[PDB]
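Residue numbers (PDB author numbering), protein chains in the order written: chain P, 3 to 289; chain O, 3 to 289; chain Q, 100 to 110; chain D, 1 to 219; chain C, 1 to 218. Every residue, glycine too, gets a C-beta built ideally from N, C-alpha and C.
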Amino acid sequence: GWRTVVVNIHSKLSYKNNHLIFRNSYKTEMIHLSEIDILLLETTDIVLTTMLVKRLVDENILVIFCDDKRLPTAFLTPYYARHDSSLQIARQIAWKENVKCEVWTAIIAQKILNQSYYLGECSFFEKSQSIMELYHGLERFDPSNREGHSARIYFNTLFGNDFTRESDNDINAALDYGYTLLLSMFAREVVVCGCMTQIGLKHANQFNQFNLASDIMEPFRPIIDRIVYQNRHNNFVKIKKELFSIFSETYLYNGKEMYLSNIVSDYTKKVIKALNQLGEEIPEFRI
Amino acid sequence: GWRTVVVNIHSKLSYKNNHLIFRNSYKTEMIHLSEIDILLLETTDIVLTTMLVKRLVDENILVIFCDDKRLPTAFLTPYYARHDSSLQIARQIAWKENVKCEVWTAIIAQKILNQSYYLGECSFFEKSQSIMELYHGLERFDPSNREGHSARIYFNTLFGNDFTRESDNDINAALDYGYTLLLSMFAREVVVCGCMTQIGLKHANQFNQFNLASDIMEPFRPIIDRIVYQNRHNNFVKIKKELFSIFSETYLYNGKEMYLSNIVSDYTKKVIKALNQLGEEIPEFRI
Amino acid sequence: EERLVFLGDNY
Amino acid sequence: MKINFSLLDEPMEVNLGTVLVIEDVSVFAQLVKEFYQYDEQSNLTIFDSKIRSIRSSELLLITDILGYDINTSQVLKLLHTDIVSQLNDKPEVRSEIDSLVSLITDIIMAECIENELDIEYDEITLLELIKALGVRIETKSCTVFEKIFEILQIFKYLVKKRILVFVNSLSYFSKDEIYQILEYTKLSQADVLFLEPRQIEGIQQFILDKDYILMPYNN
Amino acid sequence: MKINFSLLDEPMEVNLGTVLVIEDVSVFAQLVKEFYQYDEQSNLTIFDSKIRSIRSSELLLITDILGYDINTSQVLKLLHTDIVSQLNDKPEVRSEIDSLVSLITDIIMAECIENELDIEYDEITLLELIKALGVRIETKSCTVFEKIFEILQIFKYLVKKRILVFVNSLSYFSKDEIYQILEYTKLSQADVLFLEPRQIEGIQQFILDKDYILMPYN
Ligand SMILES: [Ca+2]
Ligand SMILES: [Ca+2]
């Protein structure tokens, strides 16, 4: 699917003739399933049928369920996306710590390099030079924590020294919202690959289902940081709409200009292929 | 929670005053939220509300969705306050090879013993004595392949020497149908346990995605071959009608006479708990 | 040909 | 006689009496507005077994029970014809009535012969006697239940009305009266469709949830 | 205004908007029968602030909202007479209308004299001009919420009707639409009384229990 459908209104959803049926008292509209990529329910008054959920699982469409506050609550995870998952589990169990730490280190280097590119586009020479120094100083096992220092200096330089990631302000709320959406898309891509999402490539002690999808989604955070930095003065609703405009906007991949969903799918495919082939090629994404 | 709510009939679900409202054509039932533990939807005609999905996200209860084939397709994944089953899958990833070989050998011994006992009920002493000899001769790692040797004896005894599993006939299709229903029930039980069905007990073949449930359902397989042996002259439709009555029929568990669903549930629970606790007790089922 | 389809308030 | 709207998955058949309950006030008001505007709007489509769409002139819509006029020229004419047929089915009563009419015609004929002017006449028939009697239905003292029952009785007299529909008419009648209305509708064979916002307990009806799911309900 | 029946202990007053719920189906159907038969039956009574009985002609009873025609012979007669009075209040405008009508009558009279057949005419009047223009209230209603608003406008325009009564008309409107109807009734000052079989949640209404006792709600 190419289309992200967001339903914030109370209505009923049915599945008829390979077609999503939106039935409401005011109007009714039918949208084909093949064109639909992601389905987002932003309200608790929406009704749906289990048959349409089964058709969405067969169509491999990500379904997101939000709360009354409109923040995402729980997303649907299919058990078997493809038959290659059961064969990929043995490869994930056969993975090596050198390949995991190497791919994760290269991914963190791509994220820090993207932050230095964002500060370079923002015309900060000292900040991007320091973040570039931390990128050149990144090492295996991360003994210096140059990634966390790059994040602290990045947010502290962008939003001011008094700003912090632990604050309850709408800036951190929008950051966690964009990280939740990108984490949902990357997690759905990991479900398409079939590998276990709970197994991370960095720390084996930390146990989280979103760890792998976060490690894959680390380089794309600065794209959310840019719109969050531009819309920071706007209200949280307009910032959420601008965050929704990221799906409509296109970004330039090394090969050509593509949509965000295609870049995430091809990037995750190259990451899984690189993990199974033990680092044949590392996909690099630049702003 | 404790009770596991499963909906096998068409119905609608709502949430009112911390109370789950289940509405069916026959009667309406209201269940407290704290009493429910795991929620499973058997059919595609069930209707649910996103508000009850959000209350389930606050209640941590696991939501399981199934297709028309009754095989579990997708499950609800919350972004925070995850269920304990996701923490229980790590133990399934930690399952030792000795425990898997012990449980697999016990399962094969139970299936072969049930086949020989069924041949004794059919009053064939030589074939049942041979299958019993192969049961007493079964060993770890399966160098003798006494299961594949007892197969041809069991089928050749039941349907005759001319019959075989490779040939295309209504008997083979009926056997695959009964194995599909039993695979759906055992797969639903394994999905209720939370363990990944892609990881199998047999270490040789990872091809099938149901390998865990397919290995757990082996001891109950001959009960299908009995009705298939009695109805073998009937058409495949009549064989499906006869095999559809196994859900209504009651079978004798070691402890007490019970329905097949409760027996498969207790057997699956004992299998999972035995695998996590490294072989405390092995559930044994005899016809 | 719209990438983001919104059924609800148009914000 | 099947009716279909965009909210329904498949066209629902209406046979004898049918109780349709719409739990959503917006879909109910929109459906009633589509019932009054039916000729203008293409959303609500009612078709027979021939799949041919019935005209609004063939559709009979009823909301106010006591405000509707049951006495019409066609209804009273066909009713007088039915009474004439009932009197014609009995030969003895028709013979006696013919005798009395013959006597009266003899008297009036003698009175005409007594006059100086030449007078001519034809006959005094039974339909003219019923029209002179002024036979009509009385809705003045009738209760709402007897009014709806008389409407179900005169629906067979209406030739052009294909289907009768009532809007929120089940709130006045008690459960037993509703059972009498349905049991009488099964004998009358007419097609009646009731639309209520709330479900009635004890009668078979089609329920439309706010989820827009149509389900049969025994109670 | 107040309404009184044998079931109530004391007559209840109806001021601005009023919602009356009858929890007994027999008392509700018999009450509507007493509403349509009010001229025939003396059981149901209505006493205004002057404590004087009112004829059924002064009571406006409307059950079907969409089935009630806004354009009627009496309504169009009072509207045309009102416009004729407004035009009669200004002598200059009516004089200009008489001049234009005189010009048109002169032109049509000349065309009649040009014809070979004899023609006789009388005159043209302002009432015939209004009836020829087809002046009437707007017949466009998108929903029952707007149609009930037009019924309230025509009811407030009619001086002869002292009360407007709706029977089970609140089931079509949403709670918010009921709030807008109550606020519009309080702004229009007209007396409206509703009769519902069941109670409505969220709004103030008088509940009549099956025990016949009447109790206020909200
Ligand atoms: Ca005559
Ligand atoms: Ca007479």
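So that I know if they touch, is there some Cβ in chain Q lying closer than 8 Å to that of residue i?
i, result
"P:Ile63", "no"
"P:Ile226", "no"
"P:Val239", "yes"
"P:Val9", "yes"
Examine chain P for any beta-carbon lying closer than 8 Å to the beta-carbon of residue i, and answer yes or no.
i, result
"D:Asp48", "no"
"O:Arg84", "yes"
Which chain O residues are close to residue i, counting only those with a beta carbon under 9 Å from its beta carbon?
i, result
"P:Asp47", "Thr51, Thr52 and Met53"
"D:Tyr217", "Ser27"
Could you work out which residue in the options is closest to residue i when comparing CA atoms only?
i, options, result
"O:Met219", "O:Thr182, O:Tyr156 and O:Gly281", "O:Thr182"
"C:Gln153", "C:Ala132, C:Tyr184 and C:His80", "C:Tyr184"
"C:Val167", "D:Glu201, D:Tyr172, D:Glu92 and D:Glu23", "D:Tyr172"
"C:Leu208", "C:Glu201, C:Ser188 and C:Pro197", "C:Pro197"
"D:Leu7", "P:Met32, P:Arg25 and P:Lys240", "P:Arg25"
"C:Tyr212", "C:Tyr157, C:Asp24, C:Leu117 and C:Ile119", "C:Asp24"
"O:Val49", "O:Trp97, O:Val59 and O:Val9", "O:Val9"
"O:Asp217", "O:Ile241, O:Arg228, O:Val239 and O:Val266", "O:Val266"
"C:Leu164", "C:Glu10, C:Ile104, C:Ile46 and C:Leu126", "C:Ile46"
"D:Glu138", "D:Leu76, D:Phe5 and D:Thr18", "D:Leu76"
"O:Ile284", "O:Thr51, O:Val101, O:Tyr179 and O:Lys56", "O:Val101"
"O:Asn174", "O:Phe188, O:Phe157 and O:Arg72", "O:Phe157"
"P:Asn236", "P:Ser88, P:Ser27 and P:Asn171", "P:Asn171"
"P:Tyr255", "P:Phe222, P:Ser247, P:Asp69 and P:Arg72", "P:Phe222"
Indicate whether residue i and residue j have their beta-carbon atoms separated by less than 8 Å.
i, j, result
"D:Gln205", "D:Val21", "yes"
"D:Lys33", "C:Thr143", "yes"
"P:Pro224", "P:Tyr120", "yes"
"O:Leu160", "O:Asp227", "yes"
"P:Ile23", "P:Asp39", "no"
"D:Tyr38", "D:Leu31", "no"
"P:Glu251", "P:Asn233", "no"
"P:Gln94", "P:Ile201", "yes"
"O:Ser146", "O:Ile133", "no"
"C:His80", "C:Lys131", "yes"
"D:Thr105", "D:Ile124", "yes"
In chain P, which residues lie with their C-beta within 9 Å of the C-beta of residue i?
i, result
"O:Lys56", "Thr46, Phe67, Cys68, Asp69, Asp70, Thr75 and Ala76"
"D:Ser26", "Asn26, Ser27 and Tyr28"
So residue i contacts chain O; which residues on that side make the cut at Cβ distance below 7 Å?
i, result
"P:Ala206", "Ordered by position in chain O, no residue passes the 7 Å Cβ test against P:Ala206, which lies about 11 Å from the chain."
Between residue i and chain O, is the shortest Cβ-Cβ distance under 8 Å, so that the two count as touching?
i, result
"residue 1 of chain P", "Beyond the ends of chain P as shown, which are 3 and 289, falls residue 1 of chain P; an answer cannot be given."
"P:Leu136", "no"
"P:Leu41", "no"
For a contact defined as C-beta to C-beta under 7 Å, what are the partners of residue i on chain D?
i, result
"O:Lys18", "Under the 7 Å cutoff, chain D gives no residues; its nearest Cβ is about 13 Å from O:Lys18."
"P:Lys14", "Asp211 and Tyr212"
Mind listing the chain P neighbours of residue i? Cutoff is C-beta to C-beta under 8 Å, in chain order.
i, result
"O:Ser88", "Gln200 and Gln211"
Could you tell me which chain O residues have their CB closer than 8 Å to the CB of residue i, listed as they occur along the chain?
i, result
"P:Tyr81", "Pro74, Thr75, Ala76, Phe77, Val193 and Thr199"
"D:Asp9", "Result: empty, since nearest Cβ-Cβ is about 12 Å, beyond 8 Å."
Note down, in chain order, every chain P residue with its Cβ under 7 Å from the Cβ of residue i.
i, result
"D:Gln30", "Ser27"
"O:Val59", "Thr75 and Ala76"
"D:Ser42", "Ordered by position in chain P, no residue passes the 7 Å Cβ test against D:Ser42, which lies about 13 Å from the chain."
Return no unless some Cβ of chain D is closer than 8 Å to the Cβ of residue i.
i, result
"C:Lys140", "no"
"P:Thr182", "no"
"C:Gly67", "yes"
"C:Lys161", "no"
"C:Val192", "no"
In chain Q, which residues lie less than 8 Å from residue i when you measure between Cβ atoms?
i, result
"P:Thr6", "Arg102, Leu103 and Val104"
"P:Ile265", "What P:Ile265 touches in chain Q: nothing, since even the nearest Cβ is about 14 Å away."
Name the chain Q residues whose beta carbon is nearer than 7 Å to that of residue i?
i, result
"P:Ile229", "What P:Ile229 touches in chain Q: nothing, since even the nearest Cβ is about 14 Å away."
Which residues in chain C have a C-beta closer than 7 Å to the C-beta of residue i? List them in chain order.
i, result
"residue 232 of chain D", "Nothing about residue 232 of chain D can be reported from this structure: the residues present for chain D run from 1 to 219 only."
Going along chain C in order, which residues have a C-beta closer than 9 Å to the C-beta of residue i?
i, result
"D:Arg198", "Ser171, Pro197 and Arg198"
Could you work out which residues of chain D lie near residue i, taking near to mean beta carbons separated by less than 9 Å?
i, result
"C:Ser174", "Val25, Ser26 and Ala29"
Let me know the alpha helix (DSSP H) ranges lying completely inside the stretch 37-99 of chain D, each 4 residues or longer, listed in chain order.
Fully enclosed alpha helix (DSSP H) runs of 4 or longer: 73-89.
Taking the runs of the alpha helix (DSSP H) that are 4 residues or longer, which of them lie wholly in the stretch 111-187 of chain D?
126-133 and 144-154
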